[PDB]
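Same protein, same chain, two forms; see structure 1 and structure 2 below, as structure tokens.
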Structure 1
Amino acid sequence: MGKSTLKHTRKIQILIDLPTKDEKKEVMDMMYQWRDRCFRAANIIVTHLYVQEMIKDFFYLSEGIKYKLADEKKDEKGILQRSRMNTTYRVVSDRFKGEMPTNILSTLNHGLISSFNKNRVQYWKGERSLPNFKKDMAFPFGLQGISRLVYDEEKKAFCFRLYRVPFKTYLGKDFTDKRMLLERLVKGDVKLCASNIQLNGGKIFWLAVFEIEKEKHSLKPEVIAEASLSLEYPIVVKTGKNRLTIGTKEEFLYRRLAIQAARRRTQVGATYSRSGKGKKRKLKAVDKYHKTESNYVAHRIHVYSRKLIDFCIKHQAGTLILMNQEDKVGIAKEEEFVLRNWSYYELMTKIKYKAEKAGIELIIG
């Protein structure tokens, strides 16, 4: 049977459920320490995953031996004294046990092993570099960390123990969307996967990953929704006698141009701003816009994709054709207008995942 669930990541804000500020500050320090140790652990993980592969390379080049990285107790040609995952897990555990729960290590290690296998061909070829894990990496955690999940009616928050550190969920005015997802969880009706935790400016965010089942609508395979990038208009979609134009030139280009003008002005005025304190503070105003344009354009793409998907759903379009541009049977380039290709800012990632969750068959033309 095929996979009927798609992993979705919901930002659930959790606050530390302790009375005083000293204990909350201690908890904050503990999680900051977890982040630091996790970033160091990931760097160690990937480095130790490079080194033994290049040991195999050096031995093959020196004496032509087809050494394979595996347990020597089970393999004649193996250079390893245990399983490679367990090897690098042993090194990270020996270097950082007791400062953090070991599930952070043993869910980081799996995520990095599973990726290095797929990048092995490139790494031997030489066309990719070794990841330098950031200091602001959200550390992963498994199902084993969540315990004592319970809806507390006294405090109107979902309460759980993330590794003997109690937490209440600060959903705010989200009585309908994620208060339902968590109660579907405490009752064992929805699955949780390995998640992450974010630490931004004194706030704790729970990047919980779930398994949201496919939605069942009335989709007609014969009906075709021809969405064409007349890339003047953001999205213009054809379906029989139905035409919907999603987005406007002033709505995307002009506001992103205003934010661009603000960013360039901040860069120009940053040279004579408060100096003498490094690259960070001079560029503070510029950095504020480092993550305003991305947020705005991501929201625009989310809105456009959702409106396209809804135009397909309401009109029962079972096949969404991305009609690209191909302008004038492959004629030369025109002057310009606004959105470029079908994969501009992860548009074809968003459309693909939303259509697959919605069940719409997707074809790229």
Structure 2
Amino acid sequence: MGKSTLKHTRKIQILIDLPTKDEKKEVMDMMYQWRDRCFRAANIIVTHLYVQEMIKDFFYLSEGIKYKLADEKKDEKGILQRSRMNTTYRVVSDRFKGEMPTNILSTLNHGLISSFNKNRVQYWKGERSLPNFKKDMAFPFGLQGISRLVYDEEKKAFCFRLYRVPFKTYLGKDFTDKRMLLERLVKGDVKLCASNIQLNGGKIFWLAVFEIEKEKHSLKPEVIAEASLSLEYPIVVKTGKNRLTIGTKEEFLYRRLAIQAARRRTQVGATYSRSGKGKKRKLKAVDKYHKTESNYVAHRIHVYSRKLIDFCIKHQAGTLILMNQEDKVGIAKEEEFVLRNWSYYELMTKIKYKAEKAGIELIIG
């Protein structure tokens, strides 16, 4: 049987549940410590995974031995004293024990070794650099971190202990969207995957990864929906005599160009702002647009994707084909403006995963 669930990530805001300020500050300092140690750990993992492969390659070219990475107790030619994943986990645990819980490591190391194997051939060949994990990386954690999850009616918020630190859930005015999903996890009706935890300027965010089941619709795959993507009209869709124009040039392209105009306005004007105090202070004004472009284009892409899938659903268009997308990709790679200003990879992945969630099969021509 195939996977009946698709992964999803929700942003639930969680707040430290301690009565006083100094205890909250202690928790927050401990979590900044967790983030910093996790980033150091991830660097350590990728370096430690790069090193022994070069040891293998050096030995191979020196004396032609087919050395391999495995437990020597199970392989004659192996160079490692235990399983490789245990090697990286053990070295990182030894270097950083007693500061952050070891499940951050036991869930980070898996993610890094899984990706290193798939980038192995390119690291041997040489078109990729060793990842340089950033300091704002969210530290991942597993289900061993959630315990005693319950609904406390005194506070009307979900309460749990994330590694011996309590947390109430600040769902706010979300009594229908995620309030149900966590209730589904208290009593065992939804599955929670190993999640990530963000820290952004005094607010904690629990990027919970669930497994949302598909939605069985009244779809007729014989009905075919034709969509055309352009930087003049974002989405144009056909279904027999039914057509919906999704988005406008003014709303998407012209807004994005105005936003870039503001960013360039500010970059030009930053030269004569408060100087003599470092680069960060001068470029505070352009820090303001840290992620404004990405967020606006992201929301517009999401709205277009949802409107298109709703178009298919209301017409029961069980199969969607994106017309002539190969030609558009080809011509776009030659013109800088479209590639920079026509986010087609994000729109493509959004449409693919939404259509695969909703049961609409997507074919690209």
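Basically, rigid core = biggest C-alpha set you can superpose within 1.5 Å across the two forms. Residues are numbered by position in structure 1's sequence, first residue being 1.
Shifts of 2 Å or more in the Cα, rigid core superposed between the two structures, apply to only one of 327, 57, 29, 310; name it. So the only displaced C-alpha belongs to 327.
**Prompt:** Would the C-alpha of residue 342 be classed as shifted by 2 Å or more between the two structures after rigid-core alignment?
**Reply:** It does shift by 2 Å or more.
By how many angstrom is the CA atom of residue 136 displaced between the two structures after fitting on the core?
On core superposition, this C-alpha lies 0.4 Å from its counterpart.
| query | Once the two forms are fitted on their rigid core, how many angstrom does the CA of residue 230 move between the two structures? | reply | Looking at the C-alpha of residue 230 between the two structures, the offset is 4.4 Å.
_When the rigid core is overlaid, by how much has the CA of residue 279 moved between the two structures, in Å to one decimal?_
That residue's C-alpha is offset by 2.1 Å.
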